[PDB]
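Survey of secondary and tertiary structure
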2 protein chains.
Amino acid sequence: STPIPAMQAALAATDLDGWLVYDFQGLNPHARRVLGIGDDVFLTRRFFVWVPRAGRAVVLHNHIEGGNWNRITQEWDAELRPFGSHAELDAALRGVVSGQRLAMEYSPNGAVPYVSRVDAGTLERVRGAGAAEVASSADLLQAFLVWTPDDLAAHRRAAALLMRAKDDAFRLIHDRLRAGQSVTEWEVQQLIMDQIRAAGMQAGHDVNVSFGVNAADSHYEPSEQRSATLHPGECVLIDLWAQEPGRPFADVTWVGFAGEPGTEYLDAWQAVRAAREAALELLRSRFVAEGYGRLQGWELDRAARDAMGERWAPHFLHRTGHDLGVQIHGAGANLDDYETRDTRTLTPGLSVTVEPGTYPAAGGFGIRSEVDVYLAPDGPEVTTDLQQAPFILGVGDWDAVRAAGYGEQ
Amino acid sequence: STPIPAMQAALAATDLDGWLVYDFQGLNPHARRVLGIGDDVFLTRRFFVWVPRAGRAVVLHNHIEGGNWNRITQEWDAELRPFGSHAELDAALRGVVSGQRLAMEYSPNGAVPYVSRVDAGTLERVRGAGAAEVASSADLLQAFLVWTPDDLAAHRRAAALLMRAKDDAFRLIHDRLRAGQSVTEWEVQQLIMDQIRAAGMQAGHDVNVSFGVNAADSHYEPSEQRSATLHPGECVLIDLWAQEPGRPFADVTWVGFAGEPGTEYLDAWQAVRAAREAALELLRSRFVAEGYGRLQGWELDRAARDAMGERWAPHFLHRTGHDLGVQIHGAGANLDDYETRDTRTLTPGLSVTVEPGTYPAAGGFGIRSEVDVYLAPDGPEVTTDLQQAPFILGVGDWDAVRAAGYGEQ
Ligand SMILES: [Cl-]
Ligand SMILES: [Cl-]
Ligand SMILES: [Zn+2]
Ligand SMILES: [Zn+2]
Ligand SMILES: [Zn+2]
Ligand SMILES: [Zn+2]
C-alpha cells in the first residue's frame, strides 16, 4: 500500500508545505504507523520521510537499509535517497527542508507526550538545515481518526445499548432499595456486562459501579472479590462503555442517590451540570461563530471548570473529557487544561466526551455526568442522553424516578 | 537495588549539579536501564528522576502510578513527589532544576541517536523551568561501561585466541595455494568458528572471510550456500571476533594476498597502516600531554582519514572504529567523524577498535587493519597484534610469511 495520498490529503487542510516524519528505532511510533511500516520490519538506522503537499515523497535512508526501504516503499512512487555520512545526511536534509514550513511529531513544551516524539537534537538539526517553521503534526494526525458513516452508526448502536443498560442498572438498585434487599456494586456491574455481551458488544475493562465514597475515586472498579453493599443515604455513580468490535465506543456516566439526597449533594449536582452545559455551549457557540478549526480542547475544560464554581471545582481534579474512538481514550484531542494543556484543535468527524465531576471523599460522594459529542461537519451534536437530575432511587415507581432524572416531569 | 550511588559516582567525575532522567513509555530506554527498572514494570505516564551530586534523588511521578513507584524505589532512599496537574508538574520541575547545570539524554544536533532520546518539547519545558544548562549525559553513560579486571583478562584471552586463529586461517590458505588445492571463504570461516567454539568462546555472528572483490564490501559474510573460491592474484581479508560469555569481545582484522601483490595494493596497504598509526599516535600523544578527558572519538577518525591521504581516503567510506564491549559494537564512544561526529570523550577503562581501511571495488580489493585499544588509566595500550605487512600467501614457508607480516624479518 501507499501512505502518501492520505498524508497529502491531511496536509491539504493545512497551510503547511509538508510533513517531515523522523524515526530512530522505537523513538517515534507514529512514524511507522502513519507510513504503514509493518512491525516485522527491522530498521536499525534513523530515517526521514518528507511528504510535500503535492508531488513525490522523499525518503532519506541509510544505505545499509536500502533493501528494506525498497520493499517498504515499492507501492509509494517516492524518491529514495540513500545517505552514508553525516555530511550526506545534512545535504539531503537541507535539500528537503530549506525554506519549508513543515510538521513533525513535536509538541511545544512537551504538552502532549504521545505526539512529542522527535528528540531535541534532531529538531535542532532540522532547524539548522534551514526549515522555515517546525509545527506540531498533532492536528494532521487527527485527520486519520475521522469516523466513517459505519463507525458513527456503530457508535450510536452502542449509545442506545448504554442508555438501556443504565436504566436497567438503576432500576435494579431502585427495586432492591424499595424491597430492603441487599445490592452490591458487582451485581450491578454484571447486569451491565451481561447486557453488553448479549448485544454482541464488548467493554474492554469491566464497567464502573461505585457506591458512596467509592464514587470519589475515579480509579474504582468493583470486582467479585471486593465490592460494596449499598446503604440508604449513599450516592451511586455508574460509568459504562461499550463498542462493537473495531468500532468507536460509546461511554457515559449517570448518577443517583439511595433515597433523598441532602442539600450538599444537590448543590454539587447543579455545579456539575452547569460545568457540562458550559462546555457544550462553548462548543456550540464557537462552531456557529466560526466553524471548527480554531477551538482547542483545553478551552472546553476551562469553560467547564470555570462554570463549576469555587465550591466544587477544588474537588474536580481531572480533565473535562477525552477523545472517543475505537480506543475508549482515543488518540485525538482531549478536553484538558488540567493534566495537560491540550492545544489540539477539535476536528470535524471525531468525537469527544464531556464528563466533568466533583469528588469530595470526606458521607463522601462523587458526581460525574458524561455525554458523548460527535463533531459532525454541520455542527457538534450530543449522541447520548442528558441527565437533568440524579436518580432519586428507592422512592416511588421507577418510571417516575427515571422521568425526574431526565427532566421529563 | 538502588541505582543512585552509581549515578552519583558518575556525576562526581563531572562538574554538573545533577542528572535529570526523563522517560515516557518507550521514548528513552536509558532511563529504565540506568534506574534499574525491570522490563515487566508497566509505566504509562511520563516521569522525571533528579539525581543531584549528593543527597536524595527526587522522583517526580504521576500520582496514578504511585504504587509502582513505591515498589521501584523501595531500596533507593529517595524523595517521591507525586503530581497530577501540569501546574503541579511544572512547580515540581522548577523546584528541582532552577539554577541547576544538569545532564539529560540529549545529543546536540542529534549526532548520537542512541543517546538523543528526550523529546524537543520536554527539553523546552526543562529550560522553561529555569535549568541553567542542559548537557548531554553521553559521557556519564560511559561510566557504566568501565571494564572490571576480570573483563580485561577475558578480553585478553579472546585476543590471544584470535591471534592464534588468524594464523591458522592464513596458514590454511597459504598451504592450499602452495598445493594448488581449492579453498573457499566458508572453509576458512569454519576453521575459525571451530577454534572459537573449542575455546569456550562465542562470536555472535559468524566471522568474515573475504576474497577478492568481497573484501571491498564491509557487509560481507560468507555462508555455506554462497562463498568464493580463492584464485591467485586476489586479496584476502579476515575480520574475526570472539568473547567469553558475558565478557568483552576481542575483534581484529588482518589481510593477505594470494601471491605477490601489485604496487597498487601495496600502496593502499601503506596508506591504511599510516591511518592506523596516526590514530594510535594521537591517542598516545594526547594522553601524555593532558591525560584523558578532552580527546573525543571523532578526533581519532580525523587523524586516520587525514593520514590515509587523498588517493585512498575516497575509498574509506566508513568510520575509523567503535567502542568494544560485551556487545562487539559497544554503547560507548566511537571513533567516528564519518557517519556521525561523535563528540563523546574517550573514557578510561573502556576499549575502542582502530580499524581504518580502503575498499576500491573496481581486480578490486579491500584492506582493513584492526587492533583493539584498552584505555587503561595509566595510558592507552594496544591489546592485539600490529600487522606490518599483508601476508604474502602461498610463497615460501608459513613461518616466514607470518614473520614478514609481523615485520619480524
Ligand atoms: Cl542511525
Ligand atoms: Cl504522561
Ligand atoms: Zn469517558
Ligand atoms: Zn465514562
Ligand atoms: Zn571492529
Ligand atoms: Zn572487526
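Residues numbered from 1 in each chain as written, not as in the entry; some residues may be left out. Chains lettered and ligands numbered in written order. Heavy atoms only, no water. Residues with missing side-chain atoms left out of burial classes, pairs and counts.

Deposited coordinates in this entry are attributed by the record to X-ray crystallography, at a stated resolution of 1.400 Å.

Chain A is annotated in the PDB entry as Xaa-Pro dipeptidase,Peptidase-related protein of Deinococcus radiodurans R1. Listed in the archive, the entry goes by the title "Crystal Structure of a novel Xaa-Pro dipeptidase from Deinococcus radiodurans".

A count of helical and extended segments in chain A gives eleven helices and 15 strands. Across its three principal axes, chain A shows a C-alpha extent of roughly 80 × 40 × 35 Å. (Helix = DSSP H or I, 4+ residues; strand = E, 2+ residues; numbered from the N terminus.)

For the coordinates displayed, the defined rule picks out 28 aromatic pairs over all chains. It is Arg-402 of chain A that lies over the ring of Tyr-406 of chain A; its NZ or CZ is 3.9 Å from the centre. (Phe/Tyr/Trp six-rings, centres within 6.5 Å; stacked < 30°, edge-to-face > 60°. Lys NZ or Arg CZ within 6 Å of the ring centre and 35° of its normal.)

Let us look at the coordination of the zinc ion (ligand 4). Residues and elements named next belong to chain A. Those donors, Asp-239 (OD), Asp-239 (OD), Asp-251 (OD) and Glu-370 (OE), are the protein atoms that reach the zinc ion (ligand 4), and they lie 2.0 to 2.7 Å from it. Each of the four donor atoms around the zinc ion (ligand 4) contributes to a set of angles spanning 53 to 157 degrees, which defines the coordination as irregular. Distance-wise, the zinc ion (ligand 3) is placed 3.2 Å from the zinc ion (ligand 4), both being coordinated by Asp-251. The exposure class assigned to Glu-370 is buried, which follows from its relative accessible area of 1%. (Donors = N, O, S within 2.8 Å, 3.2 Å for Na, K, Ca; no water. Tetrahedral: all angles 85-135°; square planar, octahedral: opposite > 155°, others 65-115°. Buried < 20%, exposed > 50% of the residue type's maximum accessible area, 1.4 Å probe, protein only.)

Next up on the list: the sheet that holds strand 5 (residues 101-104) of chain B. Residues and elements named next belong to chain B. Spatially, six strands are ordered 4-3-2-1-5-6 in an open sheet, and the strand pairing comes out mixed. Each edge of the open sheet is held by one strand with a lone partner, namely strand 4 (79-83) and strand 6 (133-136). The sheet shows a mean angle of 25 degrees between the axes of neighbouring strands, taken without regard to direction. Sheet analysis places strand 1 (residues 18-23) next to strand 2 (residues 47-52), joined by six bridges and oriented antiparallel. Note that in strand 2 the partner of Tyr-22 across the bridge is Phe-48. Of the strands in this sheet, strand 1 and strand 2 touch helix 1 (residues 4-12), which is tilted by about 60 degrees from strand 2. (Pairing = 2+ DSSP bridges. Axes fitted to C-alpha atoms, helices over the stretch in contact; angles between N-to-C directions. Contact = heavy atoms within 4.5 Å.)

Glancing now at the sheet that holds strand 13 (residues 371-376) of chain A. Residue and element names in this part refer to chain A. Reading across from one edge, 10-13-14 is the order of the three strands in this open sheet, with antiparallel pairing throughout. Strands at the two margins of the open sheet, each flanked by one partner only, are strand 10 (351-354) and strand 14 (379-382). In this sheet, adjacent strand axes meet at a mean angle of 30 degrees when their direction is disregarded. Looking at chain direction, strand 13 and strand 14 are connected through four bridges and run antiparallel.

Quick look at the relation of the copies chain A and chain B now. The two copies are related by a screw motion: chain A maps onto chain B through a turn of 180 degrees and a shift of 0.0 Å along the axis, at an RMSD of 0.0 Å. In short, the pair behaves as if placed about a two-fold rotation axis. Comparing contact sets, 100% of the residues at the interface of chain A also lie at the interface in chain B, consistent with an isologous, same-surface contact. (Least-squares fit on C-alpha atoms.)

Moving on, we get to unusual backbone geometry. The backbone phi angle of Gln-25 of chain A is positive, close to 55 degrees, even though this residue is not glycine. With respect to the helices and strands, the residue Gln-25 of chain A is situated in the loop between strand 1 (18-23) and helix 2 (29-35).

Residue and element names in this part refer to chain A. Structurally, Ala-169 is set in helix 7 (residues 149-179). Overall, the relative accessible area of 0% leaves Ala-169 in the buried class. In the structure, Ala-169 is positioned 21 residues away from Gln-190 in sequence and 9.4 Å away in space, judged by C-alpha atoms. Ignoring any residue separated from it by four or fewer positions in sequence, one finds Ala-169 in contact with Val-188, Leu-191, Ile-192 and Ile-238.

For the rest of this paragraph, the subject is the pattern of salt bridges. Pairing between side chains of opposite charge can happen when their charged atoms approach one another. Summed over the entire model, instances satisfying the criterion amount to 50 salt bridges over all chains. Among the salt bridges present, the one from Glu-187 of chain A reaches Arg-176 of chain A, with a minimum N-O distance of 3.5 Å. With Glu-187 of chain A in helix 8 (residues 185-198) and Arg-176 of chain A in helix 7, this pair connects stretches of sequence that are eleven residues apart. Under the relative-accessibility criterion, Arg-176 of chain A is labelled partly exposed at 22%. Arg-125 of chain B is paired through a salt bridge with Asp-90 of chain B; the nearest N and O atoms lie 2.7 Å apart. Taken together, the residues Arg-125 of chain B in helix 5 (residues 120-128) and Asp-90 of chain B in helix 4 (residues 86-97) connect sequence positions 35 residues apart. (Salt bridge = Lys/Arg side-chain N within 4 Å of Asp/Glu carboxyl O.)

With that settled, consider the domain arrangement of chain A. Residue and element names in this part refer to chain A. Split into domains, chain A comes out as domain 1 (1-144) and domain 2 (145-409). Measuring from the centre of the C-alpha atoms in domain 1 to the corresponding centre in domain 2 gives 39 Å. On the domain 2 side, the residues contacting the nine residues of domain 1 number eleven residues. Here domain 1 and domain 2 share an interface that buries about 760 Å² over both sides, 51% of which is from carbon and sulfur atoms. (Domains from an automatic or database assignment. Buried area = accessible area lost by both parts, 1.4 Å probe.)

Right, let's talk about the coordination of the zinc ion (ligand 5) for a bit. Residue and element names in this part refer to chain B. Note on the zinc ion (ligand 5): its protein donors are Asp-251 (OD), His-322 (NE2), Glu-355 (OE) and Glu-370 (OE). The metal-donor distances range over 2.0 to 2.3 Å. Coordination at the zinc ion (ligand 5) is irregular: its four donor atoms span angles of 80 to 161 degrees at the metal. In this model, the zinc ion (ligand 5) sits 3.2 Å from the zinc ion (ligand 6), the two metals being bridged by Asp-251. Of this pair, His-322 sits in the loop between helix 10 (297-308) and strand 10 (351-354) while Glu-355 sits in the loop between strand 10 and strand 11 (357-358), and the two are 33 residues apart along the sequence. The residues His-322 and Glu-355 share a single accessibility class, namely buried.

Contact with chain A, which involves 35 residues of that partner, is made by 35 residues of chain B. With both sides pooled, the region where chain A packs onto chain B buries about 2,900 Å², and carbon together with sulfur makes up 48% of that total. Together, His-86, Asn-109 and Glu-339 of chain A form the three largest contributors to the area buried by chain A at its contact with chain B, with a combined 18%. Inspection of the chain A/chain B interface yields two salt bridges. Note that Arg-45 of chain B is salt-bridged to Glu-339 of chain A, the shortest N-O span being 2.8 Å. For the pair chain A and chain B, the interface holds 24 residue pairs in polar contact. Going through the elements one at a time, helix 4 (86-97) and helix 5 (120-128) of chain A are the ones with two or more residues in the side of chain A that touches chain B. Per element, the largest residue contribution to the side of chain A that touches chain B is six residues, and it comes from helix 5 of chain A. By residue class, the composition of the side of chain A that touches chain B is twelve nonpolar, 13 polar and ten charged. (Polar contact = N/O pair within 3.5 Å; in protein donor to acceptor, adjacent residues only side chain to side chain. Nonpolar A, V, L, I, M, F, W, Y, C, P; charged D, E, K, R; others polar.)

Residues and elements named next belong to chain B. Volume-wise, the largest cavity comes out at about 30 Å³. For the largest cavity, the full set of lining residues is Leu-283, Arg-286, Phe-287, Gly-291, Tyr-292, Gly-293, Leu-295 and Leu-346. Each residue belonging to the lining of the largest cavity can be placed in one class, and the counts come to five nonpolar, two polar and one charged. (1 Å grid on protein atoms, 1.4 Å probe; cavity = no way out; pocket = protein on both sides within 12 Å on 5 of 7 lines; lining within 4 Å. Points joined across faces, edges and corners; volume = space filled by probe spheres on them.)

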